[PDB]
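Letters go in sequence order (proteins before strands), and every chain restarts at 1. The figures that follow rest on heavy atoms only: side chains count, while hydrogens, waters and symmetry mates do not.
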Amino acid sequence: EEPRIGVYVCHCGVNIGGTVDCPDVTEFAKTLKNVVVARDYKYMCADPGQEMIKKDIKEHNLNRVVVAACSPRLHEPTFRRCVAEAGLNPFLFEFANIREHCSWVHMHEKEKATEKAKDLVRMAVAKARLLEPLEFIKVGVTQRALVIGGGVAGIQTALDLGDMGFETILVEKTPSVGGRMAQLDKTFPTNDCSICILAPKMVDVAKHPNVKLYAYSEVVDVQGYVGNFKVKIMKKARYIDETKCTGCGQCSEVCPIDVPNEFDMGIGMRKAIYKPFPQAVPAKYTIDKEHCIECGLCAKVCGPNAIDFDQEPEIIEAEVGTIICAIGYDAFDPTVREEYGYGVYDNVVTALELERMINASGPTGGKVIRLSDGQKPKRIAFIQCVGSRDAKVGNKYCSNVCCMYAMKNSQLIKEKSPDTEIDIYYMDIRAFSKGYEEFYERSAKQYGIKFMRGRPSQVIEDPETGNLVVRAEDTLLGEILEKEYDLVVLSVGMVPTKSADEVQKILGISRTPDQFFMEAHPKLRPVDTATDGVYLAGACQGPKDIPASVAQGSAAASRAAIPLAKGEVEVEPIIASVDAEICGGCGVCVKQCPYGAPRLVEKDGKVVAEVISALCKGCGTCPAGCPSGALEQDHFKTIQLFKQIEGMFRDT
Amino acid sequence: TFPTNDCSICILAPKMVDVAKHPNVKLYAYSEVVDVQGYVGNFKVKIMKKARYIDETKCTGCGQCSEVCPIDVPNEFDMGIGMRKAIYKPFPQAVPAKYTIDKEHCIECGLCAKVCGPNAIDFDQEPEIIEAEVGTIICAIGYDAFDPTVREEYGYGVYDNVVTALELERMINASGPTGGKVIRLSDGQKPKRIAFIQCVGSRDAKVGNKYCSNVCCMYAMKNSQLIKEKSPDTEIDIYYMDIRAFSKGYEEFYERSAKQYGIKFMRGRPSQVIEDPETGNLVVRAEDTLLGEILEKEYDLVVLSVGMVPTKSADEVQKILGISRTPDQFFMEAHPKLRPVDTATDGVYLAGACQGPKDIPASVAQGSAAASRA
Amino acid sequence: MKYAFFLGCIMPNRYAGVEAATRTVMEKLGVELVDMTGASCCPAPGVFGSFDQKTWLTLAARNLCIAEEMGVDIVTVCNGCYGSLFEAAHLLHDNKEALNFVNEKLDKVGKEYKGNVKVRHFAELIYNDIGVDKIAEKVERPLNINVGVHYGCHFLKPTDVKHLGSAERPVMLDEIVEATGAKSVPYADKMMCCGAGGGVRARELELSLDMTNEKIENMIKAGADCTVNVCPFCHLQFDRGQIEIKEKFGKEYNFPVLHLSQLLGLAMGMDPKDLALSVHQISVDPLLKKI
Amino acid sequence: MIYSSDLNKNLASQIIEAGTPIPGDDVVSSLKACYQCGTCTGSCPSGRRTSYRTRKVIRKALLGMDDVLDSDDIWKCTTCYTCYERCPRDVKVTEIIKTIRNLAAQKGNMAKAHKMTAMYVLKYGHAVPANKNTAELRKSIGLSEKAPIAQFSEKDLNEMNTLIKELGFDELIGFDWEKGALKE
Amino acid sequence: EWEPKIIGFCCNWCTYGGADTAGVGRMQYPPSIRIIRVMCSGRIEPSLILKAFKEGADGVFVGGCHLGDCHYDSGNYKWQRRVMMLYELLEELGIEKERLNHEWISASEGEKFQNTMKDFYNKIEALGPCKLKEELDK
Amino acid sequence: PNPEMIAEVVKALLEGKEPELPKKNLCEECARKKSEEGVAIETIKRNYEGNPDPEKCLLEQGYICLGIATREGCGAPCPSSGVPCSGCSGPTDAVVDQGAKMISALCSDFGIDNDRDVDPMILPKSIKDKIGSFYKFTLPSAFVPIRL
Ligand SMILES: Cc1cc2nc3c(=O)[nH]c(=O)nc-3n(C[C@H](O)[C@H](O)[C@H](O)COP(=O)(O)OP(=O)(O)OC[C@H]3O[C@@H](n4cnc5c(N)ncnc54)[C@H](O)[C@@H]3O)c2cc1C
Ligand SMILES: Cc1cc2nc3c(=O)[nH]c(=O)nc-3n(C[C@H](O)[C@H](O)[C@H](O)COP(=O)(O)OP(=O)(O)OC[C@H]3O[C@@H](n4cnc5c(N)ncnc54)[C@H](O)[C@@H]3O)c2cc1C
Ligand code: SF4
Ligand code: SF4
Ligand code: SF4
Ligand code: SF4
Ligand code: SF4
Ligand code: SF4
Ligand code: SF4
Ligand code: SF4
Ligand code: SF4
Ligand code: SF4
Ligand code: SF4
Ligand code: SF4
Ligand code: SF4
Ligand SMILES: O=S(=O)(O)CCS
Ligand code: FES
Ligand SMILES: [Fe+3]
């Protein structure tokens, strides 16, 4: 069939038209072979612009459509649906970018920008001629979800999916669910205990009939695609029989080895046989073989005889349709900002360490005390933006919660000890959500918390008393302050969790400049990823608070429930396929695919390569590496790309 | 839309198109819920399909009957800057694409009917009451921009060159009343110097709004970049207390506004705005708190970064659904952390700005969260 | 090791003993110091960088060309010259617009900078290329005294281009002075400025002396017997500045001042007469009695 | 009271143009990234004994206060680079101060001692030239009586003079070649 | 009187987005380049670059994700091995190595893309036109 | 061309039929055993280096064999005789530039078992005559058929 092309040059009001001479590009498009219709319009994506294409496809019997406008990353689906509504296959549509790639970057070179637009149109027309009609691959959806991370965000996703009636698997790396919320004493702006909201949810998710909780477990492998994922979960050995364990803790009172409690940020001491925190779920114990001396003293007091040192980790193979990543975050390590002396001075602590100190079930019994002498501080200084809004540490983002938790912990210290003097050293107070500004007003008006606008230059310790001096300019007075404190609290920012690299490779997802996980689109798909069937929820997607992490958990459940509810999903046909008549089975393609789609097989008594269509993601690496030309990626065939290259210099 | 500066309608329009032709979604535009009875899983709702007084099916959406209409109504879509007729279309990319007659300002002269070919115009059209049974309800009625007339020292409604940020959005918008040109309302000239005044109607006990409107720091910086892109010679100063660029790519957007676009920031909430009656230029009186000196800089246009308030119909919807409000006057969620999109009324949920001031991704995430919960 | 020895101004024309001390110390360490004939002022960034940046870089590149024509790299014992020539070389290598502007000016005098010159500070050269172990091997007279080490500012900063490690908690000079048998005593605000830099000594003398006085006080409180620097500018400020502090504020310390080269020379059995300690404004005799 | 008429709106851009291409457009344009945190002021050794506030100098530049070029404060910076090392917004503070001083010098705000220093380099090629006592000292120490520097090389002195005239540095400091001295 | 003809090959996930970012931020750069879109840089092979030079390209640019950040996990590692061989093959054919430029640019790196376009344009402008097409047309 | 192919083409034209050439690459006709896991190259050797195994694919052994980028029909007498294919029959109908495609394939499989860590400079450094290795019989038909 001979190509009948319709070329549409968008003006985008004046965004394109103001730099590129669109009428002249339209005249030039008409001189190209196979171009039957060429028109220029103010807004091609608008109703009149879309109806103009549909009417021409019918009235001029077009079999190809070229739109010279903005980016396919913005309107490729839009124009695909538009042409499909007129009966034209969506893979016979080609987009030429003359806005972001031309009019917006060559504003002072109008003549050259117009000639560039003509070449970009000729390149689009060149590829268009050889485009072919393609059909989407329909695949089934396994009615089961997987949630990675058992924090407030992950728990919310699993509870919502479970409540909807979908089988869900919740994998938690540590022995207990709850996450960082469990480490906090209170939570802003209601000043409720973190337990108030979290514990009931932890209890609910642990006994939910549609949620299978795998605590102290990790996802070690994920294979497949949307609706057809094959996952491997490694159930780490706790060395205790969970079904026989009571969780009384008679064992902990006999263990003679002391290990620093990771839950208390090293500020607390736990035993080899431990329970993360008193409200932990599952209420079971765990033996750390890295520090266990295997004396067997805990086994003598254990009544049900659950302790078993011969326990081996179990690999559980599970099939899921959608995956939700809710692995959270880690607190920034402030050792790098050496002027503040963290890791050098005993009385310089992080805010997460203060949470453990203030917490009633913490290592200090809920008492804020100096680590140098065990005394309670009379003067405390909070230093904001530690590890955030700072190019020197490579973190040029706002960690979102540090203004609010500093004010919250200050209110909590004032409640326990009103005589305490508290100063907060800040740049901007970010109390941006519901009841936050009011919480900020309350901190100053009711609790007498003081605010000093000035980012401290350095902290100096008195080696003799352990007291610290904060050097900072009070920018609102234009004077340098050198106030002394008994304790300095660094309001550390958020960073991706240490395991984020492992999870990224397993799920095949991307990261944004802040190093957190990349959402499909900031505005319209905040919990989806560009990888179909993989979603995000909580702090692992970016620094945010509990209300936002809970809402994201619910948002992810809804989005991950769409493919499950549908029971069938479509996959892009821009995949690789082997021409059996040309392939002599050289085997070069096999190892190039990271998903193992291309496979060697026997057909008609001889060896030939064959691609498992569902496994192809459409990168185009194996067809580029095929030495016989038998392997080709539909929509990015070598002949198609060759014509596109020719199109820059000449027609056809 | 910040922080990507993507065309708002160019990215929202596809979703408007999708929802209008979705096989499982029945769209009742130009309609209002007038009654809700029952309880969770057994709600009996009454929807009033308002009469456009134009035949829906025979309506082409060309717009030739408006030219003859003699009544000029201020266009709500253009925030009062523009003038529309009694017979109209909200915006060029509207979904569904059809015209409407506003009987609150219609004089029934019949001049539009003489020009109309299809004779779609029918004043005897009657609103239809649709009875529907639903199991769950999601309230997503949004918000309204704060009216800054109350803060009289700023002179909004008195001075011609004092505008709100939502009015500026329309002036900047290509499909707006000025054709995408930022111009002074006193003489139609482009302003060479612009001042943005933050927290107007927010973080203010005098107007009864002691909350942060959440999006004003970001939209002021965004619109300042859009003006610099259109006219780099323009001088732009932002009068603030705290720059709240708290989410992903926001702090970077703030850094970029200053470093790349040369947008200036003045830490100090202005005391008042004084107009020069001879030129229409405005003087902003404010203390530069970072210098401890009083500034009295002159500008060609003053933009008030107005906060968010509940929408005008919120009272009607509250009574119909039987839901509560929080101190900020927005709708009350069951719990700020245990249930951000649920209400204490079973089967009734919230989503978007009607629950509290927030940006697009937060509203979109709440929309998805409400779908899951409902 | 062969290096074009950049002298500067203060060392070769005022504190000449620092030159003599460097010449023998570097010879003992196996470094061939070749004369950089016709080398002028770096020029001093304090006045030239502050007066006209174009002039500072053009004149700095002119000096770099001298060493480039010799086909060898540069070495210096002055933080001011190090900072000036090093930042000039970096800027010419990283910025082509700056290189074009400077070469267009140097073409008038038949010169052209090609970017083959590396500027080195003798302290970091001794630390990274020779080794601190070689200092101890050449020690003839161990100097068992307490030293108030003054790194200066243009030695390690700016760290983004210098790449000599930490500027907040360095060990480089402390390990070099401790190799002579001395002890680097820790004092308050160890990394602070002497006050002489950026043309402050010449324009705001009292301001510069206030900062030097604080450094001297902190060193004396720490138990220091003397102060060591790697900058004839810091040297002048600490030495001549003590006379000014006595004439203006009335405070007398008589704190001996030494340039690392002179400290290494004493340690390597050099005759105090060849180090020109007599030309110092403050007597080094109390220190000579302790060693 | 500060009015629009007392401010020079292009001061920031003017400081950037004076820094292009030396020390660089990207280096001096960093003054626009300043978010007035005060870390530079708190780190300043000079600020601890004077009215000099590093942050206010950057503020005065961004706001357009003309007096910053006439002020004595910009000349109190010792160029210790501590603010440069600690700035969380990557502001090349020390380089911006030096570039502002260039505009100050063009306006005529140069100390006599700094100009005398600039004259010695133009006349003798050195900021601190050799005298009769230098020759005597170097002799007794065992060094060459006259160092191998530009001072004793007419070829190198004439090379510098050609560059200085081309750069316009002689006109900046106000040096008269015929009289062999500075004017004013 | 002459302007370089530069052809570009950019991956849809990172460099294509990086080029769009430069456009959204109105980051101006020379108009010599014409970009071709591929899904991954792994799609790029010697045949596409050599074909561009045959057609008259004065310079060829290729953009992909950062090493380790490929949307398709490792497509850019195969392209990296192919381009190193191609650089030396071009030199054997009398084509300056500098006429080929490959960079790793993300979707958020608009400023980097702008400077890469400026630097590559300046590099090719200085080299002058590639006389291959002229020699072949004789 | 083999004598039979010449007769087949001429005979088809005498009858009036359109002549048809074989379409696959040489590995089809080559009797050497291939790894089912796929092709993986550890090092690159020149034809005189080492002693080649007579059963295993020469490309997997580290020799530059053009068989993967060459049209079948010859009967693969070169690999059968103990030497790699030199690509004398030219490329298949789906490949324009044989050398470019051979280079693409070779680079892709070189160190594929250690893909992320293999040094991309070993291969270009190991081949001192690239044009002679990949364009022996097809340089004039290549995209860049001359040395400037
Ligand atoms: C000092 C401090 C105080 C704060 N105070 C408040 C406050 O008062 N109010 C408020 O709203 N917010 C506060 N925040 C923010 C709050 O902590 C977060 O909003 C919240 O914890 C985010 O929940 P999350 O589930 O997304 O992440 P997380 O709480 O970090 O949960 C992640 C979970 O995933 C698990 N996980 C990690 N890796 C893996 C893996 N590979 N496989 C399986 N599971 C894994 C983790 O063990 C963890 O249980 C504070 C933060 C800090 C640092
Ligand atoms: C000047 C300005 C600039 C901004 N810039 C940005 C930006 O750059 N980026 C960004 O992310 N956010 C920005 N925002 C915030 C953004 O506007 C909101 O996030 C967004 O509109 C929230 O959408 P919504 O659906 O919740 O409410 P809305 O957008 O207000 O929509 C509510 C809908 O409900 C309808 N409705 C109202 N009452 C009833 C009723 N009784 N019955 C039926 N329907 C009803 C309304 O007609 C309306 O269509 C800005 C806000 C302002 C004021
Ligand atoms: S198609 Fe693209 S360029 Fe044209 S109006 Fe729409 S967004 Fe603007
Ligand atoms: S292991 Fe035994 S002793 Fe320890 S808590 Fe479990 S049941 Fe009690
Ligand atoms: S056997 Fe292990 S867990 Fe039990 S008491 Fe001994 S060290 Fe502790
Ligand atoms: S939330 Fe507050 S303390 Fe935290 S990074 Fe942002 S401004 Fe700094
Ligand atoms: S690389 Fe090409 S010829 Fe070789 S097995 Fe794969 S499809 Fe067949
Ligand atoms: S084109 Fe990419 S994803 Fe598809 S089969 Fe080949 S290597 Fe695998
Ligand atoms: S009412 Fe009539 S004239 Fe107006 S848009 Fe509808 S069809 Fe057109
Ligand atoms: S009848 Fe109503 S809508 Fe029509 S022209 Fe008259 S006033 Fe306008
Ligand atoms: S977001 Fe910014 S402008 Fe808006 S109320 Fe809060 S602080 Fe004020
Ligand atoms: S440290 Fe940097 S951002 Fe902070 S005030 Fe000083 S120059 Fe500005
Ligand atoms: S460089 Fe200048 S302004 Fe900065 S800290 Fe040092 S003396 Fe102060
Ligand atoms: S030796 Fe050559 S022709 Fe034979 S299988 Fe190996 S690559 Fe193919
Ligand atoms: S070089 Fe020629 S004859 Fe030898 S195997 Fe290859 S194609 Fe056949
Ligand atoms: O005054 S200068 O900064 O040039 C030298 C001090 S090291
Ligand atoms: S997708 Fe960008 S290189 Fe693979
Ligand atoms: Fe659009």
Side-chain angles (χ1 to χ4, degrees), chain A residues 10-22 68-71 73-74 97-114 116-117 120, chain B residues 1-8 10-11 168-169 172-174 180-182 190 194 218-236 249 252-264, chain D residues 13 16 25-26 29 32-33, chain E residues 8 10 15-35 105-121:
Chain A
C10 191
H11 287 242
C12 197
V14 295
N15 280 304
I16 299 169
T19 304
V20 165
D21 186 344
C22 299
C70 54
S71 164
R73 305 222 321 161
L74 171 61
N97 189 336
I98 56 164
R99 192 180 71 169
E100 280 85 341
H101 293 190
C102 186
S103 72
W104 280 351
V105 298
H106 310 315
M107 274 154 59
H108 314 290
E109 289 184 270
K110 290 188 186 184
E111 280 183 291
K112 297 196 199 298
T114 296
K116 182 173 165 155
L120 289 166
Chain B
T1 68
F2 63 71
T4 61
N5 284 2
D6 268 291
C7 162
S8 201
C10 314
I11 72 163
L168 179 72
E169 283 289 338
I172 289 176
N173 191 281
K181 292 192 179 185
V182 174
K190 154 168 109 182
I194 302 167
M218 291 296 294
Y219 74 54
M221 289 187 287
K222 168 194 67 165
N223 284 311
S224 293
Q225 291 179 6
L226 302 181
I227 298 156
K228 287 278 188 170
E229 280 182 348
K230 285 198 296 180
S231 323
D233 294 349
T234 314
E235 174 190 25
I236 303 166
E252 297 91 318
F253 193 81
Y254 167 39
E255 191 211 314
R256 196 148 60 235
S257 298
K259 172 167 111 181
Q260 203 181 328
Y261 298 85
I263 297 156
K264 311 286 178 167
Chain D
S13 159
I16 291 160
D25 188 331
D26 286 350
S29 57
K32 296 202 237 168
Chain E
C10 297
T15 320
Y16 199 97
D20 283 351
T21 294
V24 171
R26 313 306 154 90
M27 300 179 196
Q28 308 302 289
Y29 60 81
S32 281
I33 197 166
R34 274 87 169 122
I35 298 158
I105 299 165
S106 65
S108 62
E109 284 172 313
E111 238 183 81
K112 184 185 175 170
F113 186 84
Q114 182 203 19
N115 294 329
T116 296
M117 291 298 106
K118 281 173 176 179
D119 292 344
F120 194 45
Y121 168 87

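Side-chain atoms of B:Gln225 and B:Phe253, non-hydrogen and from C-beta on, do get closer than 4.5 Å to each other. Within the 4.5 Å cutoff, side-chain heavy atoms of A:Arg73 are placed close to those of E:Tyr16. Side-chain contact between A:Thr114 and A:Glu111 is absent, with no heavy atoms from C-beta onward closer than 4.5 Å. For the pair A:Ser71/A:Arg99, no side-chain contact is recorded, criterion being any heavy-atom separation below 4.5 Å from C-beta on. With contacts defined as side-chain heavy-atom distances shorter than 4.5 Å, the pair E:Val24/B:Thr4 does not qualify. Here the side chains of B:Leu168 and B:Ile227 are in contact, with some heavy-atom distance below 4.5 Å. Residues E:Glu111 and E:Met27 are in side-chain contact: their nearest non-hydrogen atoms beyond the backbone lie under 4.5 Å apart. Side chains of E:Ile35 and A:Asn97 form no contact here, defined as non-hydrogen atoms less than 4.5 Å apart.
Within the model, atoms CG of E:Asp20 and CH2 of A:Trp104 stand 9.0 Å from one another, a figure rounded to the nearest 0.5 Å. How far OG1 of A:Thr19 is from NE2 of A:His11: 12.5 Å, rounded to the nearest 0.5 Å. Here the CD1-SG distance, from A:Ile98 to A:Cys22, works out to 5.0 Å after rounding to the nearest 0.5 Å. A distance of 10.5 Å separates CD1 in B:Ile263 from CZ in B:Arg256, rounded to the nearest 0.5 Å. Rounding to the nearest 0.5 angstrom, the gap separating the NZ atom in E:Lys118 from the OH atom in E:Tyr29 is 11.5 Å. Note: B:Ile194 CD1 to B:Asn223 CG = 9.5 Å, rounded to the nearest 0.5 Å.
Between the side chain of E:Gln28 and the backbone N or O of E:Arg26, at least one donor-acceptor pair lies under 3.5 Å. Under the 3.5 Å distance criterion, the side-chain polar atoms of E:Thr21 are matched with a main-chain donor or acceptor of E:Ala107. In this structure, A:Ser103 contributes its side chain and A:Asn15 its backbone to a donor-acceptor pair below 3.5 Å.
Listed here is the closest heavy atom pair of E:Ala22 and E:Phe113: CB-CD2, 4.4 Å. Smallest separation of non-hydrogen atoms from E:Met117 and E:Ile33: SD-CD1, 3.4 Å. Minimum heavy-atom separation, E:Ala19 to A:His101: CB-NE2, 3.4 Å. Counting all heavy atoms, side chain and backbone alike, B:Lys259 lies closest to D:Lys32 at O-NZ, 3.1 Å. When all heavy atoms of B:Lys228 and B:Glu235 are compared, the pair lying nearest together is NZ-CA, 4.4 Å. Looking at every heavy atom in both residues, A:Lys112 comes nearest to E:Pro31 through CB-CG, 3.8 Å.
A salt bridge links B:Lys222 with B:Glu169: at least one charged nitrogen is closer than 4.0 Å to a carboxylate oxygen.
When the shell of 6.0 Å around NZ of B:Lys230 is examined, it contains more than 12 heavy atoms from other residues, nucleotides or ligands.
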